[PDB]
(Lines of atoms letter the chains of each structure in order from A and count residues from 1; the text may use other names and numbers.)
(Lines give C-alpha, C1' and ligand atoms only; values in the text may rest on other atoms or scores of the structure.)
Protein backbone atom coordinates (compact mmCIF):
# COMPACT_ATOMS: atom_id res chain seq x y z
CA UNK A 1 0.00 0.00 0.00
CA UNK A 2 1.57 3.25 -1.16
CA UNK A 3 0.23 6.73 -0.37
CA UNK A 4 0.84 8.89 -3.43
CA UNK A 5 -0.72 12.15 -2.27
CA UNK A 6 -2.03 13.89 0.83
CA UNK A 7 -3.76 17.25 1.04
CA UNK A 8 -6.22 18.99 3.33
CA UNK A 9 -9.74 19.50 2.04
CA UNK A 10 -11.58 21.74 4.45
CA UNK A 11 -11.07 19.95 7.75
CA UNK A 12 -10.73 16.55 6.08
CA UNK A 13 -7.40 14.89 5.28
CA UNK A 14 -7.61 13.54 1.73
CA UNK A 15 -5.22 10.84 0.52
CA UNK A 16 -4.55 9.05 -2.77
CA UNK A 17 -2.99 5.61 -2.51
CA UNK A 18 -2.10 2.69 -4.73
CA UNK A 19 -3.01 -0.77 -3.53
CA UNK A 20 -5.70 -3.18 -2.38
CA UNK A 21 -8.56 -1.32 -0.67
CA UNK A 22 -9.30 -4.38 1.48
CA UNK A 23 -6.00 -3.61 3.20
CA UNK A 24 -6.45 0.13 3.70
CA UNK A 25 -6.34 1.58 7.27
CA UNK A 26 -9.90 2.93 7.21
CA UNK A 27 -12.90 2.24 9.43
CA UNK A 28 -15.14 1.97 6.36
CA UNK A 29 -14.38 0.98 2.79
CA UNK A 30 -16.63 1.62 -0.17
CA UNK A 31 -17.56 -1.10 -2.64
CA UNK A 32 -18.29 -0.17 -6.27
CA UNK A 33 -21.19 -2.60 -6.44
CA UNK A 34 -23.94 -3.11 -9.00
CA UNK A 35 -27.58 -2.25 -8.23
CA UNK A 36 -28.19 -5.86 -7.08
CA UNK A 37 -25.20 -6.18 -4.75
CA UNK A 38 -24.13 -9.34 -6.60
CA UNK A 39 -20.36 -9.33 -6.15
CA UNK A 40 -19.23 -11.34 -9.16
CA UNK A 41 -16.06 -9.50 -10.10
CA UNK A 42 -13.99 -6.35 -9.85
CA UNK A 43 -13.39 -4.72 -6.48
CA UNK A 44 -16.76 -6.05 -5.32
CA UNK A 45 -15.42 -9.61 -5.60
CA UNK A 46 -12.14 -8.75 -3.89
CA UNK A 47 -14.01 -7.13 -1.01
CA UNK A 48 -16.62 -9.90 -0.77
CA UNK A 49 -13.88 -12.55 -0.77
CA UNK A 50 -11.79 -10.73 1.85
CA UNK A 51 -14.72 -10.14 4.20
CA UNK A 52 -16.49 -13.50 4.19
CA UNK A 53 -13.82 -15.77 2.73
CA UNK A 54 -16.25 -16.51 -0.10
CA UNK A 55 -17.77 -13.88 -2.41
CA UNK A 56 -20.99 -15.84 -2.83
CA UNK A 57 -21.53 -15.69 0.92
CA UNK A 58 -21.04 -11.93 1.17
CA UNK A 59 -23.31 -11.51 -1.84
CA UNK A 60 -26.12 -13.13 0.14
CA UNK A 61 -25.40 -11.16 3.31
CA UNK A 62 -25.43 -7.99 1.22
CA UNK A 63 -28.76 -8.80 -0.39
CA UNK A 64 -30.26 -9.43 3.04
CA UNK A 65 -28.95 -6.15 4.48
CA UNK A 66 -30.22 -4.30 1.41
CA UNK A 67 -33.68 -5.84 1.65
CA UNK A 68 -33.69 -4.96 5.34
CA UNK A 69 -32.40 -1.41 4.79
CA UNK A 70 -34.51 -0.52 1.74
CA UNK A 71 -37.22 -3.13 1.30
CA UNK A 72 -36.16 -4.10 -2.21
CA UNK A 73 -33.71 -6.20 -4.20
CA UNK A 74 -31.84 -3.21 -5.59
CA UNK A 75 -30.52 0.23 -4.70
CA UNK A 76 -30.37 3.49 -6.64
CA UNK A 77 -27.32 5.69 -7.19
CA UNK A 78 -26.73 7.54 -3.95
CA UNK A 79 -28.22 4.89 -1.68
CA UNK A 80 -25.76 3.04 0.52
CA UNK A 81 -26.16 -0.44 1.98
CA UNK A 82 -24.03 -1.12 5.05
CA UNK A 83 -22.63 -4.54 5.93
CA UNK A 84 -20.02 -5.61 8.52
CA UNK A 85 -16.49 -6.01 7.14
CA UNK A 86 -16.41 -9.34 9.02
CA UNK A 87 -12.97 -10.88 8.37
CA UNK A 88 -11.55 -7.40 7.74
CA UNK A 89 -12.58 -6.21 11.20
CA UNK A 90 -9.29 -7.49 12.61
CA UNK A 91 -7.50 -5.01 10.33
CA UNK A 92 -9.53 -2.07 11.60
CA UNK A 93 -12.07 -2.03 8.78
CA UNK A 94 -15.45 -2.31 10.51
CA UNK A 95 -17.90 -1.67 7.69
CA UNK A 96 -18.31 -1.93 3.95
CA UNK A 97 -20.37 0.82 2.32
CA UNK A 98 -21.99 -0.56 -0.82
CA UNK A 99 -22.59 2.10 -3.47
CA UNK A 100 -23.62 1.85 -7.13
CA UNK A 101 -22.09 3.99 -9.85
CA UNK A 102 -23.45 4.49 -13.40
CA UNK A 103 -22.62 2.37 -16.44
CA UNK A 104 -20.89 4.76 -18.85
CA UNK A 105 -19.63 2.27 -21.44
CA UNK A 106 -17.13 4.85 -22.67
CA UNK A 107 -19.56 7.76 -22.63
CA UNK A 108 -19.87 10.88 -20.51
CA UNK A 109 -22.72 13.29 -19.90
CA UNK A 110 -24.27 15.37 -17.15
CA UNK A 111 -26.64 12.50 -16.38
CA UNK A 112 -23.92 9.90 -15.90
CA UNK A 113 -21.82 12.44 -14.00
CA UNK A 114 -24.68 13.21 -11.61
CA UNK A 115 -25.19 9.53 -10.85
CA UNK A 116 -21.48 8.97 -10.16
CA UNK A 117 -21.46 12.06 -7.93
CA UNK A 118 -24.32 10.68 -5.84
CA UNK A 119 -22.50 7.34 -5.75
CA UNK A 120 -19.51 9.10 -4.17
CA UNK A 121 -21.34 11.49 -1.86
CA UNK A 122 -23.77 8.86 -0.57
CA UNK A 123 -21.05 6.90 1.31
CA UNK A 124 -19.56 10.09 2.75
CA UNK A 125 -22.89 11.17 4.23
CA UNK A 126 -23.49 7.61 5.41
CA UNK A 127 -20.14 7.83 7.18
CA UNK A 128 -21.16 11.15 8.71
CA UNK A 129 -24.54 9.77 9.74
CA UNK A 130 -22.79 6.85 11.48
CA UNK A 131 -19.93 8.75 13.07
CA UNK A 132 -17.22 6.86 11.14
CA UNK A 133 -14.11 9.06 10.96
CA UNK A 134 -12.17 7.29 8.20
CA UNK A 135 -13.38 6.01 4.83
CA UNK A 136 -11.67 4.68 1.71
CA UNK A 137 -13.13 4.67 -1.82
CA UNK A 138 -12.30 2.62 -4.97
CA UNK A 139 -12.54 4.14 -8.47
CA UNK A 140 -16.31 3.71 -8.79
CA UNK A 141 -17.33 2.94 -12.38
CA UNK A 142 -13.78 3.14 -13.76
CA UNK A 143 -13.57 -0.60 -14.30
CA UNK A 144 -16.24 -2.77 -15.90
CA UNK A 145 -18.71 0.14 -16.09
CA UNK A 146 -16.30 1.94 -18.41
CA UNK A 147 -16.42 5.50 -17.07
CA UNK A 148 -13.33 7.54 -17.92
CA UNK A 149 -10.93 7.27 -14.99
CA UNK A 150 -9.97 10.94 -15.09
CA UNK A 151 -13.66 11.89 -15.07
CA UNK A 152 -14.21 9.50 -12.16
CA UNK A 153 -11.46 11.10 -10.06
CA UNK A 154 -12.65 14.62 -10.86
CA UNK A 155 -16.14 13.60 -9.76
CA UNK A 156 -14.81 11.95 -6.61
CA UNK A 157 -12.97 15.16 -5.68
CA UNK A 158 -16.01 17.31 -6.43
CA UNK A 159 -17.96 15.18 -3.95
CA UNK A 160 -15.24 15.33 -1.29
CA UNK A 161 -15.18 19.12 -1.58
CA UNK A 162 -18.94 19.72 -1.52
CA UNK A 163 -19.29 17.31 1.40
CA UNK A 164 -20.13 18.94 4.71
CA UNK A 165 -19.67 16.91 7.86
CA UNK A 166 -17.88 16.91 11.20
CA UNK A 167 -17.32 13.22 11.99
CA UNK A 168 -15.48 12.34 8.78
CA UNK A 169 -11.83 13.30 9.33
CA UNK A 170 -10.06 11.11 6.79
CA UNK A 171 -10.91 10.16 3.22
CA UNK A 172 -8.93 8.13 0.71
CA UNK A 173 -9.08 7.04 -2.92
CA UNK A 174 -7.42 3.66 -3.44
CA UNK A 175 -6.33 2.72 -6.96
CA UNK A 176 -5.32 -0.84 -7.80
CA UNK A 177 -3.00 -0.69 -10.83
CA UNK A 178 0.02 1.61 -11.14
CA UNK A 179 -0.95 2.90 -14.58
CA UNK A 180 -4.31 4.17 -13.28
CA UNK A 181 -2.73 5.45 -10.09
CA UNK A 182 -0.46 7.85 -11.99
CA UNK A 183 -3.46 9.14 -13.94
CA UNK A 184 -5.30 9.73 -10.67
CA UNK A 185 -2.24 11.44 -9.23
CA UNK A 186 -2.16 13.93 -12.10
CA UNK A 187 -5.80 14.83 -11.43
CA UNK A 188 -5.13 15.26 -7.72
CA UNK A 189 -2.18 17.55 -8.41
CA UNK A 190 -3.91 19.84 -10.89
CA UNK A 191 -7.08 19.97 -8.79
CA UNK A 192 -5.30 20.99 -5.61
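Rigid core: the largest C-alpha set superposing within 1.5 Å between the two forms. Positions refer to the first chain, counted from 1.
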(message) Fitting on the rigid core only, I'd like to know which of the two stretches, 182-190 or 3-11, ends up farther away in Cα terms in 4 other deposited structures of this protein.
(response) 3-11
(request) Between 6-14 and 168-176, point out the one with the higher average CA B-factor as the PDB entry records it. (result) 6-14
(message) Comparing average C-alpha B factors as deposited, tell me which of 57-65 and 135-143 sits higher.
(response) 57-65
(message) Checking the record values for 102, 84, 122, 71, which has the greatest CA B factor?
(response) 71
(request) Please place residue 110 in the lowest, middle or highest third of its chain by C-alpha B factor as given in the entry. (result) highest
(message) Using only modelled residues of the chain, where does the Cα B factor of residue 79 rank: lowest third, middle third or highest third?
(response) lowest
(request) Within this chain's modelled residues, let me know which third the CA B factor of residue 126 belongs to: lowest, middle or highest. (result) lowest
